[PDB]
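Okay, here's what each chain looks like letter by letter:
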Amino acid sequence: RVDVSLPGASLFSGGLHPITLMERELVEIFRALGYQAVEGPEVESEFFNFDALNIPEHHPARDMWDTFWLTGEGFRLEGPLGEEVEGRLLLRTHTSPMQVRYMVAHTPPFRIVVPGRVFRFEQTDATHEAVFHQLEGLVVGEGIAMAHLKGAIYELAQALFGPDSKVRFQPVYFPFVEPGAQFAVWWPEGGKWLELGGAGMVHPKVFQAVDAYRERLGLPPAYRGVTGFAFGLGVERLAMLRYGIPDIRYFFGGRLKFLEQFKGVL
Amino acid sequence: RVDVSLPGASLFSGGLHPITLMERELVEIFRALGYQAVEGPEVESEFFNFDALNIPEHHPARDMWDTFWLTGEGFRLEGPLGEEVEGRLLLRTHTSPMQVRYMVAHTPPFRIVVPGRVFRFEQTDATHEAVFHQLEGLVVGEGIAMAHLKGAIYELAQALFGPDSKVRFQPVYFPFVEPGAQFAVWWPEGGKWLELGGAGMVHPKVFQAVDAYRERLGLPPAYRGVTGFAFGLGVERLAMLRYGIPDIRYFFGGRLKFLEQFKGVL
Amino acid sequence: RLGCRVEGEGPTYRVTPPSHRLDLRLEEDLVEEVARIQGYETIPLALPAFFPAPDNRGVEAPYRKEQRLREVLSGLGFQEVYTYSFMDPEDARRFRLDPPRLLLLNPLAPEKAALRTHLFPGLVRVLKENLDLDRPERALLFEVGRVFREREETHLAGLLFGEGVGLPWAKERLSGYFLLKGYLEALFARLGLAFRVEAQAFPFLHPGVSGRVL
Amino acid sequence: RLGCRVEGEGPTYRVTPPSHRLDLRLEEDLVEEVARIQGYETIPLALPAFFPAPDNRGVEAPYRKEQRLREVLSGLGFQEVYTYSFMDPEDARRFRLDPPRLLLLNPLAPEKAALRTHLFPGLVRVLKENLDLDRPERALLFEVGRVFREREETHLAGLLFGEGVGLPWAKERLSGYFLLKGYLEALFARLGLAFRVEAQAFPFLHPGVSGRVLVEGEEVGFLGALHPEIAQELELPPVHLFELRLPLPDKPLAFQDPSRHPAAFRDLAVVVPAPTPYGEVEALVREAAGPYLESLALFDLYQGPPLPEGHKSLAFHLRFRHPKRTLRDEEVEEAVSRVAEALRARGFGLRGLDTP
Ligand SMILES: [Mg+2]
Ligand SMILES: [Mg+2]
């Protein structure tokens, strides 16, 4: 007789990292709102990471980001249009630079979301990492207003936490947006406001940088009569409170006993 | 010595049916435009398939669809709200009935796309099948106008065939829309206009049917001051001209030598 | 110009259609007239923007769930198959199943005179059809589709046949029941569910290798 | 109220800020003032509607392509791993790789003083770390990530280790090199690409189990067993792994209407000197079999008596099929002769041919 309850041949079964699951969940949410996902380089130049985004040398703002500087000969960093871009190299402290790289190479209107790994020089603890992930969006076009920004984040809240979810915006400062704001979502099941990220209307000086640089490369300017908004958020923060991960250090810890738990999550 | 070029263990590798690939390709296109995919039953009642959609008994229009009628005792067909729906049973001749089922159970505004298998009594040849698939959409809300319909199909053309693609609309008749139209896409690489499907503005009588039936079930009416548009298209037609399949009879032919060719298509 | 008699000064006119236009009864009918004479080409392009009414949120979870299932299946190694909804009534006999609940009054043919109660019979037939046309040494198929009996319901079914998995240039192979049960346990860990097989008899199954999935 | 002096009657005013508001320089600065005093709560909700400018169309194909790759991988059975971008410079030594091109001026620690040139070293470490904490009987991992050397580029790498696949309550198992090569051939058929492994040495790989991966005719990376010495130094059991450079070639669909006419079968064995690579023989039989060859498969690998020593035999199941019509025996025969001919012209013998 054949025992049907006997274990069958042991083929392997895979799984995806908590962060990939979460990242995927956020990209599809925005895809439904017409946003396309584009990625950028991890090793950036100070120009795209700081200068173009209105964050200059010896300025209080520069203190908000703890940069890892890089040294290395014979490394080719190439700009938006495949040109050799010259600057002091660094590991990106945010995904924002990619938004300048996109604008110089494309013409408005458009809506983009750029997920990515970012680095900050910090002491890694249960809620702090030096290597983590962010997701930033950018919508540029004639007539884009703050109302449209509040609308997008509203749709984000509704999608992550339900119809009974509500967003809240308050003023905050960022060198690359004005007005600027921080947004929080009412997580109804947790009965508390969660601070998710920042956002604001692209700063006049960011568009000038884009065009000025476009002109340098021979491209006609495209950001003269447009407005636009941008927001950015941390992925780990969501991933933790959504999957219930207590220690941010698990993400890069590579323990199979941790990762395997997320096999069932699609 | 170990011969690295020797074939390794022969694990199986799957693949998806041409139609699933194509269907998936069309649903993601509309998801980017904010449309949600919902499916409906294959076995329908004459009410939802014909009567509610303004296609009555002994009427020229009824001749456009070659219905397969069904007989069978002890089969429970349940309506939108799980109620026992009474009518003469049939295999759906189009996905449109699902659009009435959706409207009675949900309130506007919304945008939906319903992919599905449909049946027609016909003699199966190299370009004719009795069993095939359609995909229909429906957008309902305050202020939805034909311009918005032309815009959607425009976005469909751009996504399937490129920026150099253009759509064309002409008048045609459908009992459930007024204005009504047929649309064709300029397929630039094929250098010819392709007739893709039909569309129009939902007919006044379709909304009356929806509300009247809602009232019957105790729901308040919701389609009094709204407008809406709908379109519907054949999947096989696309799938064939996009993957280069010469005979529509291959789709349900189940030949592994045919299906395996589509392993690489995502 | 079309022959209608327009009365009133506006904004709402009383337009009475000619007796030969049986199609002109509602206001919409009249708006289509303005459109076809002006030309559909004159209607501009545009995109709508709105927040969907609350009950439409999350409405696609189901469709999405089933579509991932198919993807996980093809990932593991199963090859998708599409099969007609129709069934030969005689098959209910050949395979030992209860008879069909829905039959057609106008079938394309006698062998297509009923609506399938199970999925497997069809897979099994396409299997034979393949063997005759080409002689596959093996196959691992799967199909998701509607099945009709008492209620219309969606089913998932698969079938393994042939030599199996192993080194091509060797004879030792993994195959049959415990191989299929393997692909299934593998499948279930990915979906993150508890899977178990208890033995039980089924008319169509083989007494010695027959069990129920839990 | 904020202290600004407003001049003009409108529509465009001349507003001069107080001396203590160093932040008020542009018009936008002033619009934020109206907003924060009125309250951000007063800004209404809304959604934009527009047709994107042409060059933004299709802009996500890449992201989408890589995301399906990960999905196909987890589908097959690989478990995803995330690993830091940082590398211990000393590792470039332990694993026998060229030194790092980008180093940090302000590293979190010495062992994190460089940017990784390869992906595998890290996977290998998390493997050890796992074995020490929990004692897995096996693992099949994979990682997609940035790698830095001359240019920043994306890589794909995986590793198989442990007992393998088979019946739990039995000892006969599928494992090691040919099992990993299996998951890879499987992976490649799903992506619909041509995959091939030619033997070649790599400092970090094991000489006897080391080869280069050829996707669609081009070298994209390697596959092999970890070099035993590196294994020994790190106290690890044997491990098999591979590393490739993404994005893989893209091959479009060329539908080939299958023949409705019966195939013709034929079996044949080739006697080949032991060192001759199976791949070279396969290519030969194939190139010679003609335009009517449909399938070619190896079913037996034998070497011993009475085969002329220092030789092996490769059994092949062949299948010939003519598209428009059935093949005449003389066509198959004559065709299997072109194989037999060139087979011997390369110096190979025919242990068997024309077997039904
Ligand atoms: Mg009309
Ligand atoms: Mg300010």
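The rules behind these values
- Residues numbered from 1 in each chain as written, not as in the entry; some residues may be left out.
- Chains lettered and ligands numbered in written order.
- Part of a larger assembly, values for the part shown.
- Heavy atoms only, no water.
- Helix = DSSP H or I, 4+ residues; strand = E, 2+ residues; numbered from the N terminus.
- Rg over C-alpha atoms; globule rule 2.2 N^0.38 Å.
- Buried < 20%, exposed > 50% of the residue type's maximum accessible area, 1.4 Å probe, protein only.
- Contact = heavy atoms within 4.5 Å.
- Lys, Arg positive; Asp, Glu negative; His and termini not counted.
- Charge placed at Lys NZ, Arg CZ, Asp CG, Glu CD.
- Donors = N, O, S within 2.8 Å, 3.2 Å for Na, K, Ca; no water.
- Buried area = accessible area lost by both parts, 1.4 Å probe.
- Salt bridge = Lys/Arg side-chain N within 4 Å of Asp/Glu carboxyl O.
- Nonpolar A, V, L, I, M, F, W, Y, C, P; charged D, E, K, R; others polar.
- Polar contact = N/O pair within 3.5 Å; in protein donor to acceptor, adjacent residues only side chain to side chain.
- Pairing = 2+ DSSP bridges.
- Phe/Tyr/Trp six-rings, centres within 6.5 Å; stacked < 30°, edge-to-face > 60°.
- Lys NZ or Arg CZ within 6 Å of the ring centre and 35° of its normal.
- Core = buried A, V, L, I, M, F, W, Y, C linked by side-chain atoms within 4.5 Å.
- Domains from an automatic or database assignment.
- Least-squares fit on C-alpha atoms.
- Expected span 1.5 Å × (residues − 1).
- UniProt positions renumbered as here; feature names shortened; annotations may be inferred.

Turning our attention to the overall build of chain D. The helix and strand tally for chain D stands at eight helices and 18 strands. For chain D, whose C-alpha radius of gyration is 31 Å, the value lies well above the compact-globule estimate of 21 Å for 356 residues. Across its three principal axes, chain D shows a C-alpha extent of roughly 105 × 60 × 45 Å. A buried classification covers 51% of the 356 residues belonging to chain D. Considering only contacts in chain D between residues 6 or more positions apart, those separated by 24 or more positions represent 58%. Positive and negative side-chain charges of chain D, numbering 45 and 54 respectively, have mean locations separated by a distance of 2 Å.

Distances from the magnesium ion (ligand 1) to its protein donors, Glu178 of chain B (OE) and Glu32 of chain C (OE), fall within 2.4 Å. A residue pair is termed interchain when its members come from two chains, as with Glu178 of chain B in strand 8 (residues 177–187) and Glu32 of chain C in helix 1 (residues 27–38).

With six residues of chain B at the contact, the number on the chain A side is six residues. Carbon and sulfur atoms supply 32% of the area that chain B and chain A bury against each other, a total of about 430 Å² over both sides. Of all residues in chain B, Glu28, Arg31 and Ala32 of chain B give up the largest surface area on contact with chain A, accounting jointly for 87% of the area buried on that side. Our count for the contact surface shared by chain B and chain A stands at two salt bridges. A salt bridge links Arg31 of chain B to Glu28 of chain A; the shortest N-O distance between them is 2.9 Å. A class-by-class count of the residues in the side of chain B that touches chain A yields three nonpolar, one polar and two charged.

With that out of the way, let us pick up the interface of chain D and chain A. Counting from both sides, the interface comprises 78 residues of chain D and, opposite them, 87 residues of chain A. Overall, the association of chain D and chain A removes approximately 7,200 Å² of surface from exposure, summing both partners, and the carbon and sulfur fraction of that is 59%. If you look at where chain D meets chain A, you find six salt bridges. Two residues, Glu60 of chain D and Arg31 of chain A, come together in a salt bridge whose shortest N-O distance is 2.9 Å. There are 40 residue pairs in polar contact connecting chain D and chain A. Each residue belonging to the side of chain D that touches chain A can be placed in one class, and the counts come to 44 nonpolar, 12 polar and 22 charged. The pairing of strand 3 (residues 68–71) of chain A with strand 5 (residues 103–104) of chain D spans two bridges and is classified as antiparallel.

If you walk through the whole model with that rule in mind, you get 94 salt bridges over all chains. For the salt bridge of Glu42 of chain A with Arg146 of chain D, the shortest nitrogen-to-oxygen distance reads 3.8 Å. Of this pair, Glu42 of chain A sits in the loop between strand 1 (36–37) and strand 2 (43–45) while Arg146 of chain D sits in strand 7 (residues 138–149), placing the two residues on different chains. Comparing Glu42 of chain A with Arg146 of chain D shows no difference in burial state: the two are buried. One salt bridge connects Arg255 of chain B with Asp134 of chain C, and the closest N-O pair in it is separated by 2.7 Å. Of the two residues, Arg255 of chain B is situated in the loop between helix 6 (235–243) and helix 7 (256–259) and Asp134 of chain C in the loop between helix 4 (120–133) and strand 7 (138–149); the pairing between them involves two chains. You'll find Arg255 of chain B and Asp134 of chain C in the same group, each marked buried. One connected set of salt bridges, linked through shared partners, spans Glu28 and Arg31 of chain A, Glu28 and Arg31 of chain B, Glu60 and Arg64 of chain C together with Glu60 and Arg64 of chain D.

This part takes up the coordination of the magnesium ion (ligand 2). Ideal donor angles around a metal are set by the shape: a four-donor tetrahedron calls for 109.5 degrees, a six-donor octahedron for 90 or 180 degrees. Every protein donor of the magnesium ion (ligand 2) is listed here as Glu178 of chain A (OE) and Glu32 of chain D (OE), and their distances to the metal cover 2.4 Å. Taken as a pair, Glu178 of chain A in strand 8 (residues 177–187) and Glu32 of chain D in helix 1 (residues 27–38) lie in two separate chains rather than in one. The pair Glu178 of chain A / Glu32 of chain D is uniform in exposure class, with both members buried.

Next up on the list: the packing of aromatic side chains. Taken as a whole and assessed by the stated rule, the structure comprises 72 aromatic pairs over all chains. For the ring pair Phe50 of chain A and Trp65 of chain A, a centre distance of 6.1 Å and an interplane angle of 65° mean the geometry is edge-to-face. One end of the pair, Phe50 of chain A, is in helix 2 (residues 46–51); the other, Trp65 of chain A, is in the loop between helix 2 and strand 3, with 15 residues separating them in the sequence. Each member of the pair, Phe50 of chain A together with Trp65 of chain A, is buried. Judged by centre distance (6.3 Å) and plane angle (75°), the ring pair of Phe251 of chain B and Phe258 of chain B falls under edge-to-face. In terms of burial, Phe251 of chain B and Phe258 of chain B fall into one category: buried. Cluster of aromatic residues (ring-pair linked, three or more members): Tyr243, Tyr250, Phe251, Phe258 and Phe262 of chain B together with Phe255 of chain D. Stacked on the ring of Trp193 of chain B, the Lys or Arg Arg168 of chain B has its end atom at 5.3 Å from the ring centre.

Another point: the nonpolar core. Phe231 of chain A, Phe231 of chain B together with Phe316 and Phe320 of chain D are the most contacted members of the largest nonpolar core, which has 334 residues in total. In this structure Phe231 of chain A touches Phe30, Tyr35, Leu135, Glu136, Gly137, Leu149, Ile153, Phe183, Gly198 and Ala199 of chain A, once residues within four positions along its chain are discounted.

Residues and elements named next belong to chain B. Here we have seven strands laid out as an open sheet, ordered 1-5-6-10-9-8-7, and mixed in their pairing. Sheet topology places strand 1 (36–37) and strand 7 (167–170) at the edges, where each strand pairs with a single neighbour. In this structure, strand 8 lies alongside strand 9 (residues 192–202), joined through nine bridges in antiparallel fashion. Counted as the bridge partner of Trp186 is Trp193 from strand 9.

Moving on: the domain arrangement of chain D. For chain D, the assigned domains are domain 1 (1–45), domain 2 (60–250) and domain 3 (261–356). Using C-alpha coordinates to define each centre, domain 2 of chain D is positioned 35 Å away from domain 3 of chain D.

So, about the relation of the copies chain B and chain A. Aligned on chain A, chain B shows an RMSD of 0.0 Å; the corresponding rotation is 180° and the shift along the axis is 0.0 Å. Overall, the copies show the geometry of a two-fold rotation axis. Within chain B, the C-alpha atom positioned nearest to the axis of rotation is that of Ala32 of chain B, 2.3 Å from it. By residue overlap, the copies meet face to face through one surface: 100% of the interface positions of chain B are interface positions in chain A.

What follows is about helix 1 of chain D. Along an α-helix, residues three or four positions apart point the same way, because every turn accommodates 3.6 residues. Residue and element names in this part refer to chain D. Taking 1.5 Å of rise per residue, the 12 residues of helix 1 would be expected to cover 16 Å, and the 17 Å separating its terminal C-alpha atoms lies within 8% of that figure. Listing the buried residues of helix 1 in full gives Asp29, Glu32, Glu33 and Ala35. Positioned one or two residues after helix 1, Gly39 has a phi angle of 110°, which is positive.

Residues and elements named next belong to chain D. When strand 11 (residues 195–199) meets strand 12 (residues 205–215), the two strands line up antiparallel, connected through five bridges. Within strand 12, the residue paired with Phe195 across the bridge is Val215. Following strand 11, the chain reverses through five residues before pairing antiparallel with strand 12.

Here we take up the UniProt feature "binding site: Mg(2+)" in chain A. On the UniProt side, "binding site: Mg(2+)" is annotated at positions that read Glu178 of chain A here. On the accessibility criterion, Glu178 of chain A (10% relative accessible area) is buried. Filtering out sequence-adjacent residues up to four positions away, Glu178 of chain A remains in contact with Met201 and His203 of chain A together with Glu28, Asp29 and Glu32 of chain D.

Below, the discussion takes up the environment of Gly254 of chain B. The topology assignment puts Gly254 of chain B in the loop between helix 6 and helix 7. Residue class for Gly254 of chain B comes out buried when judged on its relative accessible area of 1%. Sequence separation between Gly254 of chain B and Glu142 of chain B is 112 residues, and the spatial gap between their C-alpha atoms is 46 Å. Sequence-distant contacts of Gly254 of chain B, that is, excluding residues within four places in its chain, are made with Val126 and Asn130 of chain C.

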